[PDB]
Amino acid sequence: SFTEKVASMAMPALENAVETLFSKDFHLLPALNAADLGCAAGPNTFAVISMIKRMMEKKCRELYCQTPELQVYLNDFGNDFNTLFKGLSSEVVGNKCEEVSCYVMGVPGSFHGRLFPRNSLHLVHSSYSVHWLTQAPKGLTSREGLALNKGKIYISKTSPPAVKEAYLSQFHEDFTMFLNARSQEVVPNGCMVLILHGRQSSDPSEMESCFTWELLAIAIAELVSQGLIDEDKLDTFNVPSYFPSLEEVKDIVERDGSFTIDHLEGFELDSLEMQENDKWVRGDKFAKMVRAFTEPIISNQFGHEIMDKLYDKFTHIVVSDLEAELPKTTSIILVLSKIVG
Amino acid sequence: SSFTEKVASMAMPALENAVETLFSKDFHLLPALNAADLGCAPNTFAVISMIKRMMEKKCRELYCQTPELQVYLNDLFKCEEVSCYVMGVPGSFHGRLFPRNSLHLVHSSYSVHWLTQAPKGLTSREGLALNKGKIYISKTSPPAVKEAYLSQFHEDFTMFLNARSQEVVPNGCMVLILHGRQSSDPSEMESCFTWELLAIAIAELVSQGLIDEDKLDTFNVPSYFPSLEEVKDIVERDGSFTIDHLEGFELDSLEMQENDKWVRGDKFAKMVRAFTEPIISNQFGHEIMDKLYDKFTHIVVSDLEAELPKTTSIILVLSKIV
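Residues numbered from 1 in each chain as written, not as in the entry; some residues may be left out. Chains lettered and ligands numbered in written order. Heavy atoms only, no water. Residues with missing side-chain atoms left out of burial classes, pairs and counts.

- Determination of this PDB entry was carried out by X-ray crystallography to a resolution of 2.4900 Å, according to the record.

Next comes the structure, spelled out in structure tokens:
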């Protein structure tokens, strides 16, 4: 739903990044090597790979040389990528019309560190993965940091300055780790198309920046007051995720020397299906998406036998307390090129 | 898989001799070495450590930067020197899996003998099944069967070789191990004991009215156990690879270090059921499988006194030609 809208918004940035690769004759290499990192997109992963497939086919059809092939690395691969495998594998598709063969591989492991040999990647795509951290900020998980962000699970208006500082610091570290890892693996002049969950305002405590996590904390606090969750637990737990601003992303990429910013863009989208007339169906659909992306870290924290009652309260807060309206979600599009190198 | 365990110890010398022959050429100071395990089924995780161990030794002798190792795994069923990255490759190994010129090494153990399908031409005209009472080449079976089977294996193995030809780099190495046979006649008990016995078990249930004969008569396994000569000829017909070594070795089929025949027979049947039931179950259901391998075990433990012929494995070492 929302994911679909984000994916289409980033598609032109993906096209141009392929175009730039062509201007450096990447289409004349024996094979183009593409990776999709954090394949949790996705469904929307099929569109981006089909798009690379198609742009190569258009480019190479007038070339006298033997037609280049496409090698696709998919990471997150949980064996459910079979729908993408069967849809993109040119041997499985069996289309004799296609001149560009596509070979699809699974890459196990974390997008945070190394996944491939040196100079093995020409193009990296990653959508809504890079804002995830390796852990809750270290300054928040020390013996005395467990006390800083009391009734919440993320940067909030109630958070002392140390909280957002810790998060930015953790992001700086984890994102630089990523950049460093990719820098080893992305070929000189290679491209990277990153899309992530960010924010508009410079202040992270702003609702538009934190609403999803703020509302979840309010829901957890409800069950806490009702005596169903230990609060222990609320006060010591913080989310392993950060939504940076444009400026923060720029800063970190520029401090790291490895990549050049070809494109840095933010854009806003509605956070719920505003075309939906049923105020309950609107929030329920939103909550379902939220649950799909957040239940792993959350149920791990509070147990699974409380996830139903928890996400129900979350939906009730969205529907009733907020009249099925939320601030708009900001997404960041970051296109990078590996410097030579 | 205590049997497989013994097979991989015997082919590991032939794996070392071959991987090291990729160090005689250079082929020594490259960025990253790409190796594929095609039809994996812990031994695939053993051949990986072998490659890593060998590479690190040849580099420390050559005083050069250590390449990284990328391993591709196509599934059918701290102070380490060489950086290894492992990748999963879905898809059939009889077709293309990799870009051209991308593999330095290919390993495949006990997968190549599996056919893409049970042989095509097994019905006459008339309109009779050409392999009644059985599920593989047998003594009762007319010549047409073993010819259909060899033809199917010819086609399938040649497709494999053909695909690999595109992907294996010039002078790149292929190590293939497969279930073969000693005797030139593929209907010898040495060649087909497992399938023969399985048929005998099924035919027992048929006479008891538990399984249609329909059924037995129209089913045949998607497997073929070739001879050294058949393997050699097919490889030579295809023009892509050089036969560096081609050798067969014998192995005891049952755990013979066990005096209790019914125990060593069960162990055998348990093993046989693990790799044959998925091949058999579509045609005969899972329902009758308990009574099927029950009867199979009695045919093994009683009628043959837990004495089965040795299994022949073929070790095939290849090099890409240009």
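1. Some remarks on the overall build of chain A
Argument step 1. A count of helices and strands for chain A gives nine helices and seven strands.
Argument step 2. A compact globule built from 341 residues would reach a C-alpha radius of gyration of about 20 Å, and chain A, at 21 Å, matches this within 12%.
Argument step 3. Projecting the C-alpha coordinates of chain A onto the three principal axes gives extents of approximately 70 × 45 × 30 Å. (Helix = DSSP H or I, 4+ residues; strand = E, 2+ residues; numbered from the N terminus. Rg over C-alpha atoms; globule rule 2.2 N^0.38 Å.)

2. Details of helix α8 (residues 279-302) of chain A
Residue and element names in this part refer to chain A.
Argument step 1. An ideal rise of 1.5 Å per residue puts 34 Å on 24 residues; α8 reaches only 28 Å between its terminal C-alpha atoms.
Argument step 2. The sharpest bend along α8 measures roughly 65° and falls at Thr 294, with the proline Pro 296 sitting one to four residues further on.
Argument step 3. Just beyond α8, the residue with positive phi is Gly 303, at close to 90°. (Expected span 1.5 Å × (residues − 1). Bend = angle between axes of the 7 residues up to and from the residue.)

3. Describing empty space enclosed by the protein
Residues and elements named next belong to chain B.
Argument step 1. Considered as a void within the structure, the largest cavity measures approximately 60 Å³ in volume.
Argument step 2. Along its surface, the largest cavity is lined by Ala 35, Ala 36, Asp 37, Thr 44, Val 47, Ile 48, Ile 51, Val 71, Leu 73, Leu 105 and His 107.
Argument step 3. For the lining of the largest cavity, the secondary structure elements donating two or more residues are β1 (32-38), α3 (44-62), β2 (68-74) and β4 (103-109).
Argument step 4. Per-element accounting of the lining of the largest cavity gives the leading share, four residues, to α3.
Argument step 5. Of the residues assigned to the lining of the largest cavity, the class counts are eight nonpolar, two polar and one charged. (1 Å grid on protein atoms, 1.4 Å probe; cavity = no way out; pocket = protein on both sides within 12 Å on 5 of 7 lines; lining within 4 Å. Points joined across faces, edges and corners; volume = space filled by probe spheres on them. Nonpolar A, V, L, I, M, F, W, Y, C, P; charged D, E, K, R; others polar.)

4. Section: unusual backbone geometry
Argument step 1. The step from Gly42(A) to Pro43(A) runs through a cis peptide bond, and the omega angle for that step is 15°.
Argument step 2. When you line up the elements, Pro43(A) lands in the loop between β1 (31-36) and α2 (44-60).
Argument step 3. For the peptide bond that leads from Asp26(B) to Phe27(B), omega is -5°, which places it in the cis range.
Argument step 4. Relative to the helices and strands, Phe27(B) resides in the loop between α2 (21-24) and β1.
Argument step 5. Unlike most non-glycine residues, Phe27(B) shows phi in positive territory, near 65°.
Argument step 6. Relative accessible area serves as the criterion here: at 18%, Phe27(B) is assigned to the buried category.
Argument step 7. The phi angle at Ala306(B) is positive, at roughly 55°, despite the residue not being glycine.
Argument step 8. Residue position: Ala306(B) is located in the loop between α9 (289-301) and β7 (311-320). (Buried < 20%, exposed > 50% of the residue type's maximum accessible area, 1.4 Å probe, protein only.)

5. Comments concerning the interface of chain A and chain B
Argument step 1. The interface is formed by 22 residues belonging to chain A together with 20 residues belonging to chain B.
Argument step 2. For the pair chain A and chain B, the summed buried surface comes to about 1,700 Å²; carbon and sulfur atoms form 54% of the total.
Argument step 3. Summed over the shared surface of chain A and chain B, the result is four salt bridges.
Argument step 4. Measuring nitrogen to oxygen at the nearest pair gives 3.0 Å for the salt bridge that ties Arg114(A) to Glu68(B).
Argument step 5. Summed over the shared surface of chain A and chain B, the number is 12 residue pairs in polar contact.
Argument step 6. Going through the elements one at a time, β2 (69-75) and β3 (102-107) of chain A are the ones with two or more residues in the side of chain A that touches chain B.
Argument step 7. Among the elements that take part in the side of chain A that touches chain B, β3(A) stands out by supplying five residues, more than any other.
Argument step 8. Considered class by class, the residues forming the side of chain A that touches chain B number 14 nonpolar, four polar and four charged. (Contact = heavy atoms within 4.5 Å. Buried area = accessible area lost by both parts, 1.4 Å probe. Salt bridge = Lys/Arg side-chain N within 4 Å of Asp/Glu carboxyl O. Polar contact = N/O pair within 3.5 Å; in protein donor to acceptor, adjacent residues only side chain to side chain.)

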